[PDB]
């Protein structure tokens, strides 16, 4: 359904296309937050419009995450409003350093604002993120309320920190704290095998515990009721494996791209702020296609 903002003109300072706008936004409980919003050039106030949240890595900004993730590039994302929120202290809820910052409330209040002021398709609200932002994407998927409002989730090199000491950290078996509020949560996860910051194999980090990425992906396939069975595809001369979980009916509802030799990088063929060399594929068009595949079901 199109939101309450359908028929409302854009804020007086905004018009479609061009550069993203920086906006200060004060949450109900009084914390002033910040986001950048990119309005697609084809925006129409009467047309229910999809929306993508894109969350930066630790130590990064909304501005750098816009350039990194390319959701404002209309060659790759012609139709969706792109929103780049700023994390307090350049980090997100879920990081070992983040204390009593409710970024889930920030995201839910932002979405309520966008529904009020824009023509939002509430069946096509999405979240993606790099590293700490990818961890935060997973926390939205794992939140009883946020999981029912956001259609699909694309953590890239995400940091799924569990409150377990390095010494007690068993990355293949560590419980992953998660309470999705509906079945069939769509998860698209990209990870490099040579990631030193958020290792593919997980393990102790900064005093806490990261799961292995296969464990992360398997717990998503399992908790949604689809067991451990995958299909595998070889891509780019076998340098990339694509794993798709689900049955014949929902094949891919959980998908993982394993990128051989890739470090802690948003995948791009061209150089980006993360990686000067480029890799085999662009993650962003795959994410946009995944979002298109998986809308929020009625009820």
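Numbering follows the first chain given and starts at 1.
- Message: On mean Cα temperature factor in this entry, is 285 to 293 or 17 to 25 the higher one?
- Response: Going by the record's values, the stretch with the higher mean is 17 to 25.
- [ ] Would you mind comparing 215 to 223 and 128 to 136 for me and telling me which has the higher average C-alpha temperature factor in the entry?
- [x] Looking at the record's C-alpha B-factors, the answer is 215 to 223.
Reading the B-factor column of the entry, which of 149, 90, 99, 191 has the highest value at its C-alpha atom?
Each of 149, 90, 99, 191 was compared by C-alpha B-factor; the highest is 99.
**Asked** Which one of 57, 238, 267, 50 shows the biggest C-alpha B-factor in the PDB entry?
**Response** Out of 57, 238, 267, 50, the record gives the largest C-alpha B-factor to 238.
What third of its chain, lowest, middle or highest, does the C-alpha temperature factor of residue 65 fall into? CA B-factor rank for residue 65: lowest third.
Going by the CA temperature factor in the PDB record, which third of the chain does residue 38 belong to: lowest, middle or highest?
Its C-alpha B-factor belongs to the middle third of this chain's values.
Test of reading the entry: by CA B factor among the chain's modelled residues, which third contains residue 202?
For residue 202, the deposited C-alpha B-factor lands in the middle third.
Where the record places residue 74 (Cα B-factor, split into thirds across the chain) | For residue 74, the deposited C-alpha B-factor lands in the highest third.
Item checked: residue 272 - which third its CA temperature factor falls in, relative to the rest of the chain -> CA B-factor rank for residue 272: middle third.
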